[PDB]
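S.K.: Starting off with a structure, shown below.
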Amino acid sequence: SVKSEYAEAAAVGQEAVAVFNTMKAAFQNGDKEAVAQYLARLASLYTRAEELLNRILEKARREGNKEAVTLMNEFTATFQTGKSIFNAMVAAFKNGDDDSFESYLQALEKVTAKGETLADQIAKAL
(Lines give C-alpha, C1' and ligand atoms only; values in the text may rest on other atoms or scores of the structure.)
Protein backbone atom coordinates (compact mmCIF):
# COMPACT_ATOMS: atom_id res chain seq x y z
CA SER A 1 0.00 0.00 0.00
CA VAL A 2 0.97 3.66 -0.32
CA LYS A 3 0.70 3.54 3.47
CA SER A 4 3.18 0.67 3.77
CA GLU A 5 5.52 2.64 1.53
CA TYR A 6 5.01 5.68 3.74
CA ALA A 7 5.88 3.68 6.87
CA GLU A 8 9.02 2.45 5.09
CA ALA A 9 10.04 6.01 4.24
CA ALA A 10 9.26 7.09 7.80
CA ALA A 11 11.60 4.34 9.08
CA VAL A 12 14.38 5.59 6.82
CA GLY A 13 13.69 9.01 8.25
CA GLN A 14 14.09 7.68 11.80
CA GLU A 15 17.30 5.98 10.77
CA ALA A 16 18.68 9.35 9.74
CA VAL A 17 17.56 10.83 13.06
CA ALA A 18 19.50 8.13 14.89
CA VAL A 19 22.64 8.67 12.84
CA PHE A 20 22.27 12.43 13.21
CA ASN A 21 22.20 12.20 16.99
CA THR A 22 25.27 9.95 17.02
CA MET A 23 26.95 12.39 14.65
CA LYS A 24 26.18 15.30 16.95
CA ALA A 25 27.79 13.51 19.90
CA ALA A 26 30.86 12.75 17.81
CA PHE A 27 31.05 16.38 16.62
CA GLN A 28 30.87 17.54 20.24
CA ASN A 29 33.69 15.15 21.15
CA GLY A 30 35.88 16.27 18.25
CA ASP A 31 35.90 12.87 16.56
CA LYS A 32 36.42 14.17 13.02
CA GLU A 33 37.06 10.61 11.84
CA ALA A 34 33.58 9.59 12.96
CA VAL A 35 31.71 12.73 11.82
CA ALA A 36 32.94 12.27 8.25
CA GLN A 37 31.52 8.76 8.17
CA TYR A 38 28.17 9.73 9.71
CA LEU A 39 27.87 12.58 7.17
CA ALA A 40 28.31 10.11 4.30
CA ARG A 41 25.75 7.79 5.88
CA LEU A 42 23.26 10.62 6.34
CA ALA A 43 23.68 11.74 2.74
CA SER A 44 22.81 8.24 1.53
CA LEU A 45 19.83 8.14 3.90
CA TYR A 46 18.56 11.54 2.78
CA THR A 47 18.90 10.53 -0.86
CA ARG A 48 16.88 7.37 -0.23
CA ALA A 49 14.20 9.20 1.75
CA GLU A 50 13.85 11.84 -1.00
CA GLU A 51 13.38 9.11 -3.62
CA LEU A 52 10.81 7.30 -1.48
CA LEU A 53 8.86 10.50 -0.71
CA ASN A 54 8.78 11.45 -4.38
CA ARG A 55 7.44 8.07 -5.41
CA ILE A 56 4.76 8.40 -2.72
CA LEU A 57 3.80 11.87 -3.93
CA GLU A 58 3.56 10.71 -7.54
CA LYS A 59 1.42 7.73 -6.48
CA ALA A 60 -0.86 9.99 -4.45
CA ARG A 61 -1.27 12.17 -7.54
CA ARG A 62 -2.06 9.18 -9.81
CA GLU A 63 -4.64 8.10 -7.21
CA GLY A 64 -6.27 11.54 -7.23
CA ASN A 65 -5.80 11.80 -3.45
CA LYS A 66 -5.84 15.57 -3.33
CA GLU A 67 -5.44 15.88 0.38
CA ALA A 68 -2.42 13.58 0.48
CA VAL A 69 -0.91 15.47 -2.45
CA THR A 70 -1.25 18.79 -0.66
CA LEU A 71 0.36 17.47 2.47
CA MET A 72 3.15 15.71 0.58
CA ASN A 73 3.84 18.88 -1.38
CA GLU A 74 4.22 20.81 1.87
CA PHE A 75 6.33 18.02 3.35
CA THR A 76 8.71 17.70 0.43
CA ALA A 77 9.24 21.46 0.33
CA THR A 78 10.26 21.35 3.97
CA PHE A 79 12.41 18.26 3.27
CA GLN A 80 14.31 20.41 0.75
CA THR A 81 14.94 23.09 3.41
CA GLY A 82 16.55 20.49 5.63
CA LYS A 83 18.54 19.11 2.70
CA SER A 84 19.89 22.58 1.88
CA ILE A 85 20.89 22.98 5.53
CA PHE A 86 22.43 19.49 5.53
CA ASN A 87 24.44 20.29 2.43
CA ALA A 88 25.66 23.45 4.17
CA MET A 89 26.81 21.33 7.14
CA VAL A 90 28.68 19.00 4.81
CA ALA A 91 30.47 21.97 3.26
CA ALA A 92 31.28 23.43 6.64
CA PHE A 93 32.86 20.15 7.79
CA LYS A 94 34.96 20.08 4.64
CA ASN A 95 36.11 23.64 5.30
CA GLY A 96 36.89 22.96 8.93
CA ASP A 97 34.37 25.57 10.11
CA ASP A 98 33.11 24.10 13.40
CA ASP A 99 31.26 27.34 14.25
CA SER A 100 29.11 27.19 11.13
CA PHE A 101 28.77 23.42 11.52
CA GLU A 102 27.19 23.82 14.95
CA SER A 103 24.83 26.54 13.70
CA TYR A 104 23.62 24.47 10.76
CA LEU A 105 23.29 21.40 13.01
CA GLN A 106 20.99 23.30 15.35
CA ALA A 107 18.96 24.60 12.40
CA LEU A 108 18.55 21.15 10.84
CA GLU A 109 17.33 19.88 14.20
CA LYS A 110 14.45 22.32 14.33
CA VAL A 111 13.49 21.98 10.66
CA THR A 112 13.32 18.26 11.51
CA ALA A 113 11.42 18.58 14.79
CA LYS A 114 8.92 20.98 13.22
CA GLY A 115 8.29 18.62 10.30
CA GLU A 116 7.03 16.07 12.82
CA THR A 117 3.50 17.48 12.97
CA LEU A 118 3.03 16.99 9.23
CA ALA A 119 4.39 13.45 8.91
CA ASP A 120 1.62 12.29 11.26
CA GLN A 121 -1.13 13.85 9.14
CA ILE A 122 0.33 12.33 5.96
CA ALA A 123 -0.09 8.80 7.30
CA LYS A 124 -3.76 9.47 8.11
CA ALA A 125 -4.47 11.02 4.67
CA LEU A 126 -2.83 8.36 2.48
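Residues are referred to by chain and number: the chain letter is A, B, ... according to the order shown in the C-alpha coordinates, the number counts from 1 in that chain, and ligands are numbered separately from 1 in the order shown.
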Write out as a tab-separated table the residues of range 5-74 of chain A that have any atom within 9 Å of an atom of range 84-94 of chain A, one row each with the nearest atom pair and its distance in Å to one decimal, counting only C-alpha atoms, sorted by chain and then rising number.
M.R.:
residue	atom	partner	partner_atom	distance
A:32	CA	A:93	CA	8.7
A:35	CA	A:93	CA	8.5
A:36	CA	A:93	CA	7.9
A:39	CA	A:90	CA	6.9
A:40	CA	A:90	CA	8.9
A:42	CA	A:86	CA	8.9
A:43	CA	A:86	CA	8.3
S.K.: List the spatial neighbours of range 75-82 of chain A as a ChimeraX atom specification - criterion: any atom at most 12 Å away, only C-alpha atoms, same-chain residues fewer than 4 positions off excluded.
M.R.: /A:13,42-43,46-47,49-58,68-71,86-89,104-123
S.K.: Of the candidates A:28, A:48, A:41, A:72, which one gets nearest to residue 124 in chain A if we count only C-alpha atoms?
M.R.: A:72
S.K.: Provide the CA of residue 5 in chain A to CA of residue 20 in chain A distance in Å, to one decimal place.
M.R.: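 Computed distance, CA of residue 5 in chain A to CA of residue 20 in chain A, equals 22.6 Å.
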S.K.: Counting only C-alpha atoms, what is within 10 Å of residue 65 in chain A, bar same-chain residues fewer than 6 positions away, as a ChimeraX atom specification?
M.R.: /A:57,59,125-126
S.K.: I'd like the neighbourhood of residue 23 in chain A as a count of residues only, where a residue qualifies if any of its atoms comes within 8 Å (using only C-alpha atoms), though same-chain residues fewer than 2 positions away should be ignored.
M.R.: 10
